[PDB]
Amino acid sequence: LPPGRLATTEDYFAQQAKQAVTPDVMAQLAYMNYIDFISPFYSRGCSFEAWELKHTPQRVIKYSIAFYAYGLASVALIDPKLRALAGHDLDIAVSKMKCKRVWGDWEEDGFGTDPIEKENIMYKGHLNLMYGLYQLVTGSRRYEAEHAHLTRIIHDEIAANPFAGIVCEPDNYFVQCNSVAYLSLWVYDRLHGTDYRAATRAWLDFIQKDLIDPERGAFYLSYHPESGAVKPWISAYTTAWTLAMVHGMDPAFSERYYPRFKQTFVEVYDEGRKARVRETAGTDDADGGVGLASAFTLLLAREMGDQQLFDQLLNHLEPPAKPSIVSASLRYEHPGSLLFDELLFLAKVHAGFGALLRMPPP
């Protein structure tokens, strides 16, 4: 256990088999749930104190909520004694996701007044996936009408487009964004016996054409239908997120590219004890751009069962953030990026996107 580490990689990977989260994961759930008013999952109301205190930019809140929700879904699978709590937190997550503070950028930017409108898949992909995970975890049909509506809408946009997929916002196509939307269709299908996921094959064929560099195992940053343009930089954070979710739908896809991804972006250092991830090609700098390459690669390592890389990345990410546990609750004095506690929480618990799809009922 190096300084600034709270539990072993062996312990994180064993949680599901031990049917128990680690004490530091429990302490993160406490940060999430414990203190009146200021904890993020205190209330279903449209209050965002936790996010104001962390200085989360408004455009990032929707992602904070989503990534917490994805971690909570794995908490439910890990420990049956925590499943009701996870379900409660997911209920709040969905409820908060619907507040104008979360989606309102859509209106402030002049795109429209309803966030469910065409082509806002940034928001509505995550929301749809969250609707599905909430239902898988709890059995509650509270959001089932909305879930069915949003699923139909997403499917209809896919059907209507000459390219395979949907734009994340107007004329901007991102593979990560799509991966969420498609994964939400798999979740709906699991709940309802439908075949919305049929579209997945065409999408996976398409993203393997101009959107990926197959030698390097890396996706380009974005695609823009109106002009045909593919932005000419490859992106590690983009690729890590996309491969992780894709591995739940078509495991062979991600298994093909994962080793090349690592050759391309991952720098191992400190005599093999640590790793950090370059955000693009043609640089030695780690964690450029949005600063999330290492954190999303941590999730990916977990999704691929790569314990060595997980340990290396977490040795780089966690200690400088200066974790402490005060009154059985986890705080980081110096988080190194946006979405920091969210992504470390997620990666520590992540049971695999395929396992979430196959979650036994309650």
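Think of the rigid core as the biggest set of C-alphas that the two forms share within 1.5 Å after superposition. Position 1 is the first residue in the sequence shown; the rest follow in order.
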item: Larger mean CA deviation from the shown form in 4 other deposited structures of this protein [core fit; 111 to 119 vs 246 to 254]; value: 111 to 119
item: Which of 211 to 219 and 168 to 176 strays further in 4 other deposited structures of this protein - Cα RMS after rigid core alignment; value: 168 to 176
item: Between 193 to 201 and 67 to 75 (mean CA B-factor, as deposited), the higher; value: 193 to 201
item: Out of 87, 170, 289, 132, highest CA B-factor residue; value: 170
item: Ranked C-alpha temperature factor of residue 10 among modelled chain residues, by third; value: highest
item: Cα B factor band for residue 306 (lowest, middle or highest third within the chain); value: middle
item: Relative C-alpha B-factor of residue 241, binned into the chain's lowest, middle or highest third; value: lowest
item: Lowest, middle or highest third - CA B-factor, residue 62; value: lowest
item: Residue 324 by Cα B-factor - lowest, middle or highest third of the modelled chain; value: highest
